[PDB]
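Those protein sequences? They're chains F, Y, S, B, E and D, same order as listed. When we follow this note's numbering, the leftmost residue of the first sequence carries the number 5, and every step to the right adds one. When we follow this note's numbering, the leftmost residue of the second sequence carries the number 3, and every step to the right adds one. When we follow this note's numbering, the leftmost residue of the third sequence carries the number 22, and every step to the right adds one. When we follow this note's numbering, the leftmost residue of the fourth sequence carries the number 43, and every step to the right adds one. When we follow this note's numbering, the leftmost residue of the fifth sequence carries the number 73, and every step to the right adds one. When we follow this note's numbering, the leftmost residue of the sixth sequence carries the number -19, and every step to the right adds one. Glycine included, every Cβ here is placed at the ideal spot set by N, Cα and C.
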Amino acid sequence: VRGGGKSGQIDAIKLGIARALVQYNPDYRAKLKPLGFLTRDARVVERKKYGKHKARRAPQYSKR
Amino acid sequence: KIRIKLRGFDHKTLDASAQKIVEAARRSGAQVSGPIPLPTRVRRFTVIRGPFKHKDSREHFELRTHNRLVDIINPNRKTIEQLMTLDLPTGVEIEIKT
Amino acid sequence: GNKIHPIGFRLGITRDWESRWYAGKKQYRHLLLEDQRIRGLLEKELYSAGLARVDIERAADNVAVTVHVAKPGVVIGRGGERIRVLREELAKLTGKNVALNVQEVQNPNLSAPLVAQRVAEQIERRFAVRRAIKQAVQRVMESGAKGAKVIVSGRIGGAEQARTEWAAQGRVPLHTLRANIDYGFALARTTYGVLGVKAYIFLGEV
Amino acid sequence: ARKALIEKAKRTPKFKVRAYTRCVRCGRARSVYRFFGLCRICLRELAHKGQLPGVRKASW
Amino acid sequence: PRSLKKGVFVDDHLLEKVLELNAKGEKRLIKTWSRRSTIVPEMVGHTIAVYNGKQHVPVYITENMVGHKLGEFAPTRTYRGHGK
Amino acid sequence: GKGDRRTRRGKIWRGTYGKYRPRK
RNA sequence: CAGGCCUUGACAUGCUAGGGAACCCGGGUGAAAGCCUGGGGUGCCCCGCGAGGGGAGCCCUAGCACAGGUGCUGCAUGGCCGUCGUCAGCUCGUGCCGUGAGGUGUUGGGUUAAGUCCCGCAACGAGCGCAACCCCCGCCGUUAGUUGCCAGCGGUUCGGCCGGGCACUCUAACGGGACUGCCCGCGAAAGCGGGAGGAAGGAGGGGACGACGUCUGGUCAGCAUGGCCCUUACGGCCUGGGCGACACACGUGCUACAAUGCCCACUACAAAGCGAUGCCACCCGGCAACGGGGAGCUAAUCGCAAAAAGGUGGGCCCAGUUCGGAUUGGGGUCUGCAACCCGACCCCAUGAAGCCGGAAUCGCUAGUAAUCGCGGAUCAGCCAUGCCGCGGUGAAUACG
Ligand SMILES: [Mg+2]
Ligand SMILES: [Mg+2]
Ligand SMILES: [Mg+2]
Ligand SMILES: [Mg+2]
Ligand SMILES: [Mg+2]
Ligand SMILES: [Mg+2]
Ligand SMILES: [Mg+2]
Ligand SMILES: [Mg+2]
Ligand SMILES: [Mg+2]
Ligand SMILES: [Mg+2]
Ligand SMILES: [Mg+2]
Ligand SMILES: [Mg+2]
Ligand SMILES: [Mg+2]
Ligand SMILES: [Zn+2]
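Here's what the structure looks like:
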């Protein structure tokens, strides 16, 4: 396990395990997938856009 | 045991060059350590779009410098004969050091 | 205030640079100044010939320089004596021992940079802006092209209230990042102020 | 930019702390980039023309 | 909590100029622009005049103010209050 | 907190090193 | 801004000329700039016995063409930008309608994120725009292995260290992959709902990209440019001061008011960057900033680096406190010619307001907000809590 944080690693480890499980017995999918363990969570840190403070956090204005 | 380090702004200009340096020396001597990629260093330039005020304009620029390795071990005259003679790329700067 | 440079917008794609030379983190700000210094002259002592692009390559104190022109004869010189004057007077800017070239423009009607110059030219004389534009759009369209567009800005006709004349034919899809649209701009010093002149030429696509 | 003020080109400054920068092209000073010797404005212009080799539009 | 290190700076304009005065007597007023100079024992007793950036002011240098940079006794701003 | 220049975080914040935040 | 100072002037081209003209080192005065002066000191092509006569580069002075002006006009302008707004629009050609301005098309019915698509229709089409072509992220394959690794074996000073291996991770170049293709239902069609397979599903997430026009929008102090204006000064040098002033008012932020916390110790997970007079391992001196020495790296193979939040343990015990660090006194490091005005950092002392904020008001719909730390440009140093960007942990809620 390398990269990220331990919370992220826990999840990756969870994928790897779910995956190997399938090699051992392909027939596992049919029951291992309804839980989605075989899905690669694509949620990721959003780029920090200029103009805004954090991709989205928008600077505030006074008496507009 | 010569190590070649090719760099350039254009990735295909290297892919091109590096490929040659391999196919060439792939005869007169060893088959080379194979051309290796190597991470790319990247320059960023964030410049306010317009002159005067408008601190929120910006526009992003970047100068990406690519790298390669090749690495030829076991030089045999002709191995170096296929080199010094045949050259081409312009956007490719070479570094040969054993 | 909008619209990206149509060229800069597609450098990665359909559009190579006008200076292509390897790395250099300690000399970049020197070769560049040079490339500039270069273009300096070339975009002067080479105007009347159709200076439509000055490419430049390098490789250790060796400059290429490829001046593209519509009238190379004017570049070369009588029998070929000026291209000799350039080269020398040129290496006076930089030692380097730099080459030179003169590739011609096969039909300047499809060269945006040139078209800009023609229209800016007439304006500088005193032609009817609107006309100049309509005609140029025509020529460019007249000699092939899938689309064309010209834009003169300033105090059109010496008027006091600045305006902007349009004119365009066929397609000029500035958004389609792959169209391959040649862009060109031309100034226009006048008895009463400047006038910008923009030319867009759409060629093929893929 | 005053022609007069482009004295900076005088590599002869009483003390090196007085030596500043200035744009190679427009002669600016307010925000010049070492790697280019150009100011933020001049850099975008040249950049766009494709006259800055390897330089390009960053997207991601 | 000031700082300098090792070399307590003094512009030899007035330094070499002040030690020469010691060799003899005291010259009434000594206009200087070396606002940056550090006061030293020798200067004591003298009367260096420093620039505001507008005027030269008479500053009787004492033994209890040695070390303080010159000027610093020659205020720049002209403020007498906003009141009215 | 980050405000106190003579504590671990104070240093980290000011990005400095010293008695309160040794360079290890 | 004050004072000292220069004038063809700090920078371009050119003419007339008393007249030395190349060059080089000092002295005097002064804050500096400048000003006065001594003085090693002219070859050059050419006429000539020579005294000497004359031109060229360079060179000073007088006088001339002229430089120079961030000096005015963004209501003379180019260029670039902001703005509605990434909103779903704006138009054209021919035809048709109207005496005409104009209308139709672009309206109507379904639908879409969309003038998106379907159906209809005196309109048939087209262009700018929407979408797509490009970049980053999700899965996989090929090519490449000094990154990786007992996956697999052997040796181990047991650090992947060594031999060795390209499997895996990765690095980076190409390529595959999603199209409502497939099943069910509604539908006239587009399309809508649901289901399967799949890393991913109906625009999968984020970027780049911004229509015709709008505002006498912004910028002549980036640059460019018409006109007006100054040309011993509205030009130029220098030294110093000012842009850092304060009784006050507002905007944007930082730190905090504490126990879901503060502190000390031990211990663990990241990404993106940067590095020549540069990053600085390690050692020593110092409480420390830092200093002296000194290896490695031109940087996937060395360094900045310690990630912080987190985990384990221990302290504090509800206090204006072991909360919070303003303010001030003292000592000192480093940069820099120089840190009084006016730098940053270290250490001792001091230890303020502040107990969650009136009327009013802002951001954000998910890997978002919130919170935590890390890098970069500019840059000697730095007033950066600003800005651009990176990854960690990671919600609430949406009837309408
Ligand atoms: Mg974040
Ligand atoms: Mg500076
Ligand atoms: Mg505390
Ligand atoms: Mg305007
Ligand atoms: Mg404008
Ligand atoms: Mg204004
Ligand atoms: Mg009627
Ligand atoms: Mg009719
Ligand atoms: Mg459409
Ligand atoms: Mg689009
Ligand atoms: Mg206005
Ligand atoms: Mg200010
Ligand atoms: Mg939203
Ligand atoms: Zn510039």
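So, with DSSP's three-state summary, where would you put S/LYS24?
Along the third sequence, one-based indexing puts residue 24 of chain S at 3. Three-state result, S/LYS24: coil.
Hey, S/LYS167 and S/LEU224: beta-carbon distance below 8 angstroms or not?
Numbered from 1 along the third sequence, position 146 holds the residue referred to as residue 167 of chain S. Numbered from 1 along the third sequence, position 203 holds the residue referred to as residue 224 of chain S. Yes, Cβ-Cβ distance for S/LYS167 and S/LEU224 is below 8 angstroms.
Could you run through the stretch 45 to 61 of chain B and flag, in chain order, every residue whose CB is less than 8 angstroms away from some CB of chain S?
none
C-alpha gap between F/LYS58 and F/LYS52, whole angstroms:
By 1-based counting over the first sequence, the position of residue 58 of chain F is 54. By 1-based counting over the first sequence, the position of residue 52 of chain F is 48. Rounded to whole angstroms, F/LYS58 to F/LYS52 spans 5 angstroms at the Cα level.
CB contact check: S/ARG50 to chain B, cutoff 8 angstroms:
Mapped onto the third sequence, residue 50 of chain S falls at position 29. It does: the Cβ of S/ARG50 has a partner Cβ on chain B nearer than 8 angstroms.
Are E/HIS118 and E/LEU93 touching if we call contact CB-CB under 8 angstroms?
Taking the fifth sequence and counting its residues from 1, the one referred to as residue 118 of chain E is at position 46. Taking the fifth sequence and counting its residues from 1, the one referred to as residue 93 of chain E is at position 21. Yes.
Where does E/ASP84 sit, in a helix, a strand or coil, going by DSSP?
The residue labelled residue 84 of chain E in the question sits at position 12 within the fifth sequence. Looking at E/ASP84 - three-state DSSP - the assignment turns out to be helix.
Which class does B/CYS84 belong to by DSSP, given the choice of helix, strand or coil?
The count along the fourth sequence starts at 1 and reaches residue 84 of chain B at position 42. Residue state, collapsed to three classes: helix.
How many Å lie between S/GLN124 and S/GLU78 at the Cα?
To locate residue 124 of chain S, count along the third sequence from 1; it is residue 103. To locate residue 78 of chain S, count along the third sequence from 1; it is residue 57. If I take the Cα positions, the gap works out to 15 angstroms.
Given this structure, state the Cα-to-Cα distance separating S/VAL215 from B/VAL66, to the nearest angstrom.
On the third sequence, position 194 is the one that residue 215 of chain S refers to. On the fourth sequence, position 24 is the one that residue 66 of chain B refers to. About 24 angstroms.
Can you tell me the Cα-Cα spacing of S/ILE177 and S/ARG184, whole angstroms?
The count along the third sequence starts at 1 and reaches residue 177 of chain S at position 156. The count along the third sequence starts at 1 and reaches residue 184 of chain S at position 163. About 6 angstroms.
Start and end of the alpha helix (DSSP H) containing S/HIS51?
As a first step, residue 51 of chain S is located in the third sequence; it is residue number 30 there, counting from the start. 49 to 63 is the extent of the alpha helix (DSSP H) around S/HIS51.
Cβ-Cβ distance between Y/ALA26 and Y/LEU65 below 8 angstroms:
Translated into the one-based positions of the second sequence, residue 26 of chain Y becomes position 24. Translated into the one-based positions of the second sequence, residue 65 of chain Y becomes position 63. Contact: no.
Give the DSSP-derived three-state secondary structure of Y/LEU65 in the structure shown.
On the second sequence, residue 65 of chain Y is found 63 positions in, with the first residue counted as 1. Here Y/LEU65 sits in strand by DSSP.
Is it buried or exposed, Y/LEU16, if we count other Cβ atoms within 10 angstroms and call 16 or more buried?
Here residue 16 of chain Y refers to the residue found at position 14 when the second sequence is read from its first residue. Answer is buried; the Cβ neighbour count reaches 16.
Compute every distance between the C-beta of F/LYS53 and the non-hydrogen atoms of ligand 1, then say whether any falls below 7 angstroms.
Stepping through the first sequence from its first residue, residue 53 of chain F is reached at position 49. False, no ligand heavy atom lies under 7 angstroms from that Cβ.
Looking only at its own chain, which residues have a Cβ that is under 6 angstroms from the Cβ of E/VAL82, when we skip the five neighbours before and after it?
Here residue 82 of chain E is taken as the residue at index 10 of the fifth sequence, counted from 1. Correct list, in chain order: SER109 and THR110.
Could you please go through the chain and list the residues whose beta-carbon is closer than 7 angstroms to any non-hydrogen atom of ligand 2?
B/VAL59 and B/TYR62
Y/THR67 versus chain S: which residues are under 7 angstroms apart at the beta carbon?
In the second sequence, residue 67 of chain Y corresponds to position 65, counting from 1. Within 7 angstroms Cβ-Cβ: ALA44.
Distance cutoff 8 angstroms, beta carbons only. Does B/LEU85 sit that close to anything in chain Y?
What you label residue 85 of chain B is simply residue 43 of the fourth sequence in a count that begins at 1. Chain Y contact via Cβ: present.
Chain Y residues whose Cβ lies nearer than 9 angstroms to that of B/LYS99
The residue you call residue 99 of chain B lines up with position 57 of the fourth sequence. Going along chain Y in sequence order, the residues near B/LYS99 (Cβ under 9 angstroms) are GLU61, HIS62, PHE63 and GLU64.
In its own chain, which residues sit with a C-beta less than 7 angstroms from the C-beta of S/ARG160, not counting the 5 before and 5 after it?
As a position in the third sequence, residue 160 of chain S is number 139, starting the count at 1. So the list reads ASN130, once near-sequence residues are dropped.
Contact check, S/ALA207 vs S/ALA141, beta carbons under 8 angstroms:
Position 186 of the third sequence, counting from 1, holds the residue named residue 207 of chain S. Position 120 of the third sequence, counting from 1, holds the residue named residue 141 of chain S. Yes, these two residues count as a Cβ contact at 8 angstroms.
Where does Y/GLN21 fall in DSSP's three states?
Stepping through the second sequence from its first residue, residue 21 of chain Y is reached at position 19. The answer is helix: DSSP assigns Y/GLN21 an H, G or I state.
Taking DSSP as the reference, what is the three-state secondary structure of Y/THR15?
As a position in the second sequence, residue 15 of chain Y is number 13, starting the count at 1. Here Y/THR15 sits in helix by DSSP.
Cross-strand partners of Y/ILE98 (DSSP beta bridge):
By 1-based counting over the second sequence, the position of residue 98 of chain Y is 96. Paired residue(s): Y/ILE6.
Evaluate B/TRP102 with the Cβ neighbour count: other Cβ atoms within 10 Å of its Cβ, from every protein chain shown; 16 or more gives buried, anything less gives exposed.
In the fourth sequence, residue 102 of chain B corresponds to position 60, counting from 1. Label assigned to B/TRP102: exposed.
In the DSSP assignment, find the alpha helix (DSSP H) that holds S/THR87 and state where it starts and stops.
The count along the third sequence starts at 1 and reaches residue 87 of chain S at position 66. No alpha helix (DSSP H) holds S/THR87; the beta strand (DSSP E) holding it covers 87 to 90.
Which first and last residues belong to the alpha helix (DSSP H) in which S/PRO134 is found?
Here residue 134 of chain S corresponds to residue number 113 of the third sequence, with the count starting at 1. First-last of the alpha helix (DSSP H) with S/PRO134: 133 to 146.
Count the other CB atoms within 10 Å of the CB of E/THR104; is the residue buried (16 or more) or exposed (fewer)?
For the purposes of this step, residue 104 of chain E is taken as residue 32 along the fifth sequence, with counting starting at 1. Buried, by the Cβ-count rule.
Which first and last residues belong to the beta strand (DSSP E) in which Y/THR81 is found?
Translated into positions along the second sequence, residue 81 of chain Y becomes position 79. Element bounds for Y/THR81: not the beta strand (DSSP E) but the alpha helix (DSSP H), 80 to 86.
Member of S/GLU186, S/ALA120 and S/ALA220 whose CA lies at the smallest distance from the CA of S/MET162:
Locating residue 162 of chain S in the third sequence gives position 141, counting from the first residue. Residue S/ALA220 is the option with its Cα nearest to S/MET162.
With 7 angstroms as the C-beta to C-beta threshold (strictly closer), list the residues of the stretch 67 to 99 of chain Y near chain S in chain order.
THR67, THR92, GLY93, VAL94 and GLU95
Grab the span of the beta strand (DSSP E) containing S/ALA220 for me, first residue to last.
Mapped onto the third sequence, residue 220 of chain S falls at position 199. Looking at the DSSP string, the run of the beta strand (DSSP E) that includes S/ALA220 is 218 to 223.
Is D/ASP(-16) near ligand 3, going by C-beta to nearest heavy atom under 7 angstroms?
Mapped onto the sixth sequence, residue -16 of chain D falls at position 4. Yes; taking the cut-off as 7 angstroms, the Cβ of D/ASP(-16) has a heavy atom of ligand 3 nearer than that.
Cβ distance (whole Å) where Y/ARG46 is taken to contact B/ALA100 below 8 angstroms
By one-based count along the second sequence, residue 46 of chain Y stands at place 44. By one-based count along the fourth sequence, residue 100 of chain B stands at place 58. Sure, about 6 angstroms apart at Cβ, within 8 angstroms.
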